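Shown next, in structure tokens, is the structure this report addresses.
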Amino acid sequence: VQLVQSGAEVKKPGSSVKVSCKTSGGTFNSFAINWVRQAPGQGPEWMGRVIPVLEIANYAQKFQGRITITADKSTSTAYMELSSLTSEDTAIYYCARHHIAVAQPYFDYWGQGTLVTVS
Amino acid sequence: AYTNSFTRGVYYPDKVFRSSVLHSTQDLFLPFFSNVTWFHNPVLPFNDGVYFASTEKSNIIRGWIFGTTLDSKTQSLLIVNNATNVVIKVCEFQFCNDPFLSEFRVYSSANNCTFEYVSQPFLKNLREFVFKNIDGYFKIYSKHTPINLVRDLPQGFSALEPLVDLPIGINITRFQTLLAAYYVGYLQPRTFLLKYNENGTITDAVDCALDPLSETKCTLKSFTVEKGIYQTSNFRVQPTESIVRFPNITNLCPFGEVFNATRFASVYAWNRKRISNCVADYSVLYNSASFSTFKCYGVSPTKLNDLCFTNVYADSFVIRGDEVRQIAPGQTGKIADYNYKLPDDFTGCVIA
Amino acid sequence: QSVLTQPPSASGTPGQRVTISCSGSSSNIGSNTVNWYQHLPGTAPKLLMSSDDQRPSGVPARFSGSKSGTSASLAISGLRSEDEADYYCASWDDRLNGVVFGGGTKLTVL
Amino acid sequence: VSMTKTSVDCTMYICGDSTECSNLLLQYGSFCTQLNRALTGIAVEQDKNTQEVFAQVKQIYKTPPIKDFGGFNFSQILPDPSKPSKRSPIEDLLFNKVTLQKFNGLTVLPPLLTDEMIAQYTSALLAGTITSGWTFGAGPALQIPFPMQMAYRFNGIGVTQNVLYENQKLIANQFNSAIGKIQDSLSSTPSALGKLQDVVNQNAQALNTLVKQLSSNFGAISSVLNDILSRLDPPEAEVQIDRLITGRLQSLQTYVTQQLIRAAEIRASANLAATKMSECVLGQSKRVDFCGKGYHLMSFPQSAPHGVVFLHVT
Amino acid sequence: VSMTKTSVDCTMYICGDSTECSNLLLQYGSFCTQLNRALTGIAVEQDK
Amino acid sequence: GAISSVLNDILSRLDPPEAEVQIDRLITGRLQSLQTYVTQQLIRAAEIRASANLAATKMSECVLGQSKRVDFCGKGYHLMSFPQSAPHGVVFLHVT
Amino acid sequence: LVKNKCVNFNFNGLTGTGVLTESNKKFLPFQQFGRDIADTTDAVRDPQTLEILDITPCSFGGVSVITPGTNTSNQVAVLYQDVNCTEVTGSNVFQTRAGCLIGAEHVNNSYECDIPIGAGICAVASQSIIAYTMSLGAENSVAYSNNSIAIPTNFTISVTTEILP
Amino acid sequence: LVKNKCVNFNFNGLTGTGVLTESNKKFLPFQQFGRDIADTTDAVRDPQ
Ligand SMILES: *[C@@H]1O[C@H](CO[C@@H]2O[C@@H](C)[C@@H](O)[C@@H](O)[C@@H]2O)[C@@H](O[C@@H]2O[C@H](CO)[C@@H](O[C@@H]3O[C@H](CO)[C@@H](O)[C@H](O)[C@@H]3O)[C@H](O)[C@H]2NC(C)=O)[C@H](O)[C@H]1NC(C)=O
Ligand SMILES: *[C@@H]1O[C@H](CO)[C@@H](O[C@@H]2O[C@H](CO)[C@@H](O)[C@H](O)[C@H]2NC(C)=O)[C@H](O)[C@H]1NC(C)=O
Ligand SMILES: *[C@@H]1O[C@H](CO)[C@@H](O[C@@H]2O[C@H](CO)[C@@H](O)[C@H](O)[C@H]2NC(C)=O)[C@H](O)[C@H]1NC(C)=O
Ligand SMILES: *[C@@H]1O[C@H](CO)[C@@H](O[C@@H]2O[C@H](CO)[C@@H](O)[C@H](O)[C@H]2NC(C)=O)[C@H](O)[C@H]1NC(C)=O
Ligand SMILES: *[C@@H]1O[C@H](CO)[C@@H](O[C@@H]2O[C@H](CO)[C@@H](O)[C@H](O)[C@H]2NC(C)=O)[C@H](O)[C@H]1NC(C)=O
Ligand SMILES: *[C@@H]1O[C@H](CO)[C@@H](O)[C@H](O)[C@H]1NC(C)=O
Ligand SMILES: *[C@@H]1O[C@H](CO)[C@@H](O)[C@H](O)[C@H]1NC(C)=O
Ligand SMILES: *[C@@H]1O[C@H](CO)[C@@H](O)[C@H](O)[C@H]1NC(C)=O
Ligand SMILES: *[C@@H]1O[C@H](CO)[C@@H](O)[C@H](O)[C@H]1NC(C)=O
Ligand SMILES: *[C@@H]1O[C@H](CO)[C@@H](O)[C@H](O)[C@H]1NC(C)=O
């Protein structure tokens, strides 16, 4: 299958941005969705994941109540919104999927990515 | 209250060293994404195994109680703990209604005790235990790990090593905790694909039967499946209800008229009375203690109450002295040859 | 900073073999598996290496992986031009309760 | 060319819907899996035989609407558009002359290629041979008039082509008369298709014996598994059960071995049919008596249930 | 081209001229009839 | 069906008059397993032999000469062929 | 007694599992039960009411999994061999002569066969798994006439490989 | 214990015949014997 993300977004510091990642039909239930960014001149960093069939979410310890990940079953679309945007939050955001019947995570297919610029 | 049991609860099944191999094994494991009851205590069923787990900051939990009735009526495990000498004494101790042992409690008035063993002590630290009883062996597996600022099962995978294999051999049917949160889970028979890297220390696992994609993966013992058609299982429809049909008849058979006869016939001229068209309740004769021996050939004595027969004949005679044992199929002797001879394929029982 | 340390640069000659390393600590590498991803700018990454000794379906017989102690390595034989890309090593971290990624290395074919 | 794709499940056959017996069966190791491999192996091999013999053409060829073949009458071998199934008269006669339950663990799998597709492949081969000779085998189909094609086939057996043109009318009349006689013989002389009927009979007899073996006692007190288990206590029943397991397992092993040998004979026949098709229908054979008695000119394939019928013109 | 056309009678080989054994042999069903059939089949094709 | 698969452990615990009965079950079970292995090998050997005979015919009638029989030496009009060895087999290069 | 369902019955000690239905086999007054060629019951006479109940084994069969490959999608289809769809991923249900196929959408237009299923049906394309009747190859016709011949003007040399154990 | 000769040994109930030599396989502290493919003992850990 494939993952399709929203277009590039341009935002002002102090605002909020919402980025979606729309998937196929069977990619819910027994599949998790992970969010990965890559700051310029920096290595990739993990944020969190959500299991749509269980509606349970996990967050990185560094993002203390700033990130919330939600998803709906009717439209089959996952959403990410981040609050208190600052200058260092500019990066390229990816959405990638995991298979749920494996103990140790291993990302299989990646999205094309979206670019968020702040100024 | 409930929480979701994460990928926790995998243990080493066999104490055998293996290397560089994917081995498929069947045993009682905790299913992934199961709930597990969260308590903040009451008596819980033990069934076939418990994944007991607890987190804490100090040594508030000090022991466990295992048994059947916990009233000195059956043997009961009293594994208990203290700062430096763990003591196990499986004996019929009579326990209080709500044990809470600076002084001692519930294990008072122990008439006699049959087992004692000593080991090194068990108990920001998460403590996982697994209790299983297999063919007369109480097995405990455990692992201690540094937990961090998390308020639930800490995510990830870790295998549990064995600690003791105490040969107690009792039932254990119910359980209770002693003195404040726990994660009680229950084990179920499921098949896992276990990955041993090279020194033998389990590095991954795949839970089969989770979904159609996962079943093909275990059957091929690979993490990638090539294009094609694969046969993975067999569908079988189970029956929905039982129907019992029997002939309409309420007459009772005169068993009192054969066993309590005024005078029995001689063995050379034994009597043969035919019993028919009646309901024969054989449970009284089976439970009756007045018989010296009750050996049944052909049918087992406890299922004879369900089966039905066209006719039954009761041959009654008296034999005195030795040779009484000769009344059996394929036996030889003066009695078997000249007095009473049973057929080779006789199906029934002799009572004396 | 990335918990896993990798050499910022690496180079190799056409036709020969080259070795890339990924070093960590006992909390992440020593207790968990590693994965290798190939990345080209302007495109999505791919899975090269899973469960640190198991090869995926697509990639051909050439890429090989090994793990020893607290260090891991990837071996490329029959080096060719299209192998120009970035390489990343990742592994679960028990202390941080999350995935940690390596710094990434630029491989250059002369 | 082929036989029915049978398959038997050892577990349901030996230890039918009873968990108590199955636990004893697990003590015999791999016996229940080396037999499943053998039966699966034969079923897969049957599809390879049919595909290699018939699927020899990359494209589906079609005959022209006007049958201007120089006086030659092919109306008895080309499909009849008026029938609900595009079969020719002769092949339709063969389907009307050969004549061909629910058990426990016994199933029959359908073939991958239905009869409709097999008939369509033979039409493509016959239409090709008429319009292009042997050229469609080597590469692309190059049309050539049919009388000129027949002149070359005469040249191949040492008779100069000038013999054909002066006697063209005589040859055409003899060909049409010879074709008419073939239908009367097949419709009137029985046993002609005995080679195909024998395979069906041998397979049916093997299955009838295997089912009948379930009524035997092998020394146990009763042949029905449920009545022994329902009256004797587990501690004593193991001896009575063990006798039935050993007897039924030995019977199943005999059935599988006979099928492996029998499958090998049919495979040899299928390989010969593919060899004849390539060197007789697509070309012209100089091999004596390989494509019938006489000097071979040309051949026509026809389908039949579980086989192929060749008309050799000499 | 060919081999000797042998034939073995399953009943006389296993049990012989004894009725007492034959009654036990009947408990195994068709094992003999399946053997006599196989040997007849081979003997006939040797002439073809 | 025996009490244990290791022959020395049963013989070391049971008396001769009863150990002979238990051992007989293991002897009978292992002998029947050996017969099955041998039988499958006899059939499998026959398949390879048929293939080897075909390979000898192609080599003689394709490499040493030129074959006029259609599709015996590949698709097309046969010119020549080149043999090459391989593990447990032979590979033919057909020029058409 | 409950009819038309797989049940475990017990008639005067005779046990078994099957569907009990009405029958039209005229038993004569003296016979009570009939048996198959195998030592198992084919039909039986009920007690108390004296009626003829037919016993047909409840349906069972193998389960096969259809999957496209690790290069395309994680959607799969499951084929229940030789069973009807009137009994049990749950998206679409298509009844075929090979069994009941669940998860594949039926598309009317034919293509070349890819994954064989059986009975002429083969089965990723257009973001979903499809099932269709297999094509036998491209259709073409030769320009036959009674006075035209085609002669090749050029040639190509090819090499093929044959492998034999 | 006698090394480098085929001897009939008994280690904690595990019996067999073979030549005993030193090995470099790092067993974990709780495992006592290792077996290779197809159920065959390849090494064992001595007591004492
Ligand atoms: C399986 O175990 C072997 C044996 O090593 C021993 O057991 C392990 C469980 C660890 O506790 C080891 O510390 C212990 O020695 C492992 O092989 C050994 O790996 C270590 C770690 O790389 C090697 O030691 C290093 O050697 C380099 C090069 O000399 C030094 O620079 C380092 O300072 C360090 O000493 C050791 O040589 C090696 N043993 C050999 C080659 O015989 C093996 O890695 C382990 N399997 C795993 C971890 O997957
Ligand atoms: C034969 O006589 C005995 C003795 O009278 C009967 O057994 C008694 O049954 C009564 C009523 O159930 C009990 O109260 C007694 O305790 C029983 N006594 C003994 C010694 O069994 C018996 O029911 C009679 N009939 C038989 C044996 O068929
Ligand atoms: C998975 O990786 C690639 C990505 O699709 C697959 O490549 C195709 O494979 C098929 C079957 O061999 C070929 O017919 C295609 O031409 C290949 N396409 C490309 C673009 O390479 C690969 O086959 C898959 N893995 C395996 C083991 O087959
Ligand atoms: C027959 O076909 C061959 C190959 O298709 C033709 O050879 C090619 O000719 C063109 C024009 O000169 C060259 O550019 C190609 O390089 C040739 N091919 C090769 C493989 O050398 C040949 O010309 C054709 N015959 C005729 C008469 O045109
Ligand atoms: C088994 O018992 C013997 C005898 O008590 C132990 O022998 C000692 O082994 C140590 C090994 O470091 C030596 O230093 C001592 O000199 C030995 N003798 C005594 C009296 O201690 C042996 O260690 C024991 N084995 C195990 C595994 O505990
Ligand atoms: C816990 O179990 C209940 C029913 O057993 C069900 O809601 C689900 O399996 C679990 N619930 C949650 C919220 O995980
Ligand atoms: C633990 O219990 C044992 C059993 O009575 C006792 O001897 C020992 O002193 C106790 N240890 C401590 C630290 O109280
Ligand atoms: C104690 O004595 C009783 C005798 O009444 C006996 O049944 C029991 O097995 C003994 N042991 C224990 C631990 O109760
Ligand atoms: C049971 O009682 C019914 C009463 O309606 C009677 O018709 C039937 O014959 C009886 N069954 C017997 C006598 O077997
Ligand atoms: C071929 O023969 C059939 C036989 O009845 C006849 O109907 C048909 O017209 C003939 N075709 C030609 C072209 O003469």
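Sequence lines, in order, name chains A, B, C, D, E, F, G and H. Under the deposited numbering, the first residue of the first sequence carries the number 2, and numbering increases by one thereafter. When you line the second sequence up against the deposited numbering, it's residues 27 to 66, 81 to 141, 155 to 176, 187 to 242, 263 to 435, in that order. Under the deposited numbering, the first residue of the third sequence carries the number 1, and numbering increases by one thereafter. When you line the fourth sequence up against the deposited numbering, it's residues 729 to 828, 853 to 1066, in that order. Under the deposited numbering, the first residue of the fifth sequence carries the number 729, and numbering increases by one thereafter. Under the deposited numbering, the first residue of the sixth sequence carries the number 971, and numbering increases by one thereafter. When you line the seventh sequence up against the deposited numbering, it's residues 533 to 620, 638 to 672, 687 to 728, in that order. Under the deposited numbering, the first residue of the eighth sequence carries the number 533, and numbering increases by one thereafter. Ideal Cβ placement from N, Cα and C applies to all residues, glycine included.
| query | result |
| --- | --- |
| Please list, in chain order, all residues of the same chain as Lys1045 of chain D whose beta carbon is under 7 Å from its beta carbon, the five residues on each side excluded. | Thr1066 |
| Which bits of chain E does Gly891 of chain D rub up against, with CB to CB less than 9 Å? | Under the 9 Å cutoff, chain E gives no residues; its nearest Cβ is about 42 Å from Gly891 of chain D. |
| When every heavy atom of ligand 2 is checked, does at least one fall within less than 7 Å of the C-beta of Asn343 of chain B? | yes |
| Using the C-alpha atoms, what's the distance from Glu298 of chain B back to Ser31 of chain C? | 27 Å |
| Just by C-beta distance, which residues in the stretch 869-898 of chain D are closer than 9 Å to chain G? | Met869, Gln872, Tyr873, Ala876, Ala879, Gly880, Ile882, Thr883, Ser884, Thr887, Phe888, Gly891, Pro892, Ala893, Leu894, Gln895, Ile896, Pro897 and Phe898 |
| What does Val327 of chain B reach in chain C if we use C-beta pairs closer than 7 Å? | Correct list: empty, because the minimum Cβ distance to chain C is about 55 Å. |
| Would you tell me roughly how many angstroms separate the C-alpha atoms of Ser810 of chain D and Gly27 of chain A, rounded to the nearest one? | 48 Å |
| Mind checking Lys795 of chain D: buried by the 16 CB within 10 Å criterion, or exposed? | exposed |
| Under the DSSP definition of a beta bridge, which residues are partnered with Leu47 of chain C? | C:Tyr37 |
| In terms of DSSP beta bridges, what is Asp568 of chain H paired with? | H:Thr572 |
| Rounded to whole angstroms, what's the CA-CA distance from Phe342 of chain B to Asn354 of chain B? Just pull it up for me. | 12 Å |
| For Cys538 of chain H, report the span of its alpha helix (DSSP H) as first-last. | First-last for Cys538 of chain H: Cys538 to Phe543, but that is the beta strand (DSSP E), not the alpha helix (DSSP H). |
| State buried or exposed for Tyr88 of chain C, treating a residue as buried only when at least 16 other CB atoms are found within 10 Å of its CB. | buried |
| Using a beta-carbon distance cut-off of less than 7 Å, what residues from the stretch 946-975 of chain D approach chain G? | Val963, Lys964, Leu966, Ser967 and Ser975 |
| If we call anything under 8 Å between Cβ atoms a contact, is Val951 of chain D one with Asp571 of chain G? | no |
| Does the beta-carbon of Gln774 of chain D, which I'm using as the reference point, lie nearer than 7 Å to any heavy atom of ligand 9? | no |
| Three or more C-beta pairs closer than 8 Å, one from the stretch 1010-1021 of chain D and one from the stretch 764-774 of chain D: is that the case here? | yes |
| Measure the alpha-carbon distance for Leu922 of chain D versus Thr696 of chain G and round it to whole angstroms. | 47 Å |
| For ligand 9, I want to know if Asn331 of chain B counts as a neighbour, meaning its beta carbon is within less than 7 Å of at least one of the ligand's heavy atoms. | yes |
| Do you know offhand how far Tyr1007 of chain F's Cα is from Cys760 of chain E's? | 25 Å |
| Does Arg577 of chain G come out as helix, strand or coil in the three-state DSSP assignment? | strand |
| Could you give the C-beta distance for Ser31 of chain B and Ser60 of chain B, rounded to a whole number, given that I count them as a contact under 8 Å? | 4 Å |
| Please classify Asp427 of chain B: is it buried, with 16 or more other beta-carbons within 10 angstroms of its beta-carbon, or exposed? | exposed |
| List, in order along the chain, the chain K residues whose C-beta lies closer than 7 Å to that of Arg983 of chain D? | Of the protein chains in the structure, A, B, C, D, E, F, G and H, none is chain K. |
| Any heavy atom of ligand 5 within a distance shorter than 7 Å of the CB on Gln580 of chain H? | yes |
| Give me the chain G residues within the contact set of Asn331 of chain B, using Cβ-Cβ distance strictly less than 9 Å, ordered along the chain. | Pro579 and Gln580 |
| Quickly, what does DSSP pair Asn188 of chain B with across the bridge? List them, please. | B:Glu96 and B:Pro209 |
| Along chain B, which residues have their Cβ under 8 Å away from the Cβ of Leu55 of chain A? | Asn30 and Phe59 |
| Pull up the distance between the alpha-carbon of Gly891 of chain D and that of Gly885 of chain D, whole angstroms please. | 12 Å |
| Rounding to the nearest angstrom, what Cα-Cα distance links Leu945 of chain D and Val1060 of chain D in this structure? | 11 Å |
| Just to check, is the beta-carbon of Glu554 of chain H closer than 7 Å to a non-hydrogen atom of ligand 1? | no |
| Flag this pair as yes or no: are the beta carbons of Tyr204 of chain B and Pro225 of chain B separated by less than 8 Å? | yes |
| Which residue's Cα is closest to the Cα of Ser161 of chain B: B:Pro139, B:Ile210, B:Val227 and B:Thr33? | B:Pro139 |
| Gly431 of chain B to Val395 of chain B, Cα distance in whole Å? | 10 Å |
| Between the stretch 51-59 of chain C and the stretch 597-608 of chain G, can you find at least three pairs of beta-carbon atoms closer than 8 Å? | yes |
| Quick one: list the residues of chain D neighbouring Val1040 of chain F, beta-carbon separation under 7 Å, in chain order. | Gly889, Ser1030, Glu1031, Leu1034 and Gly1035 |
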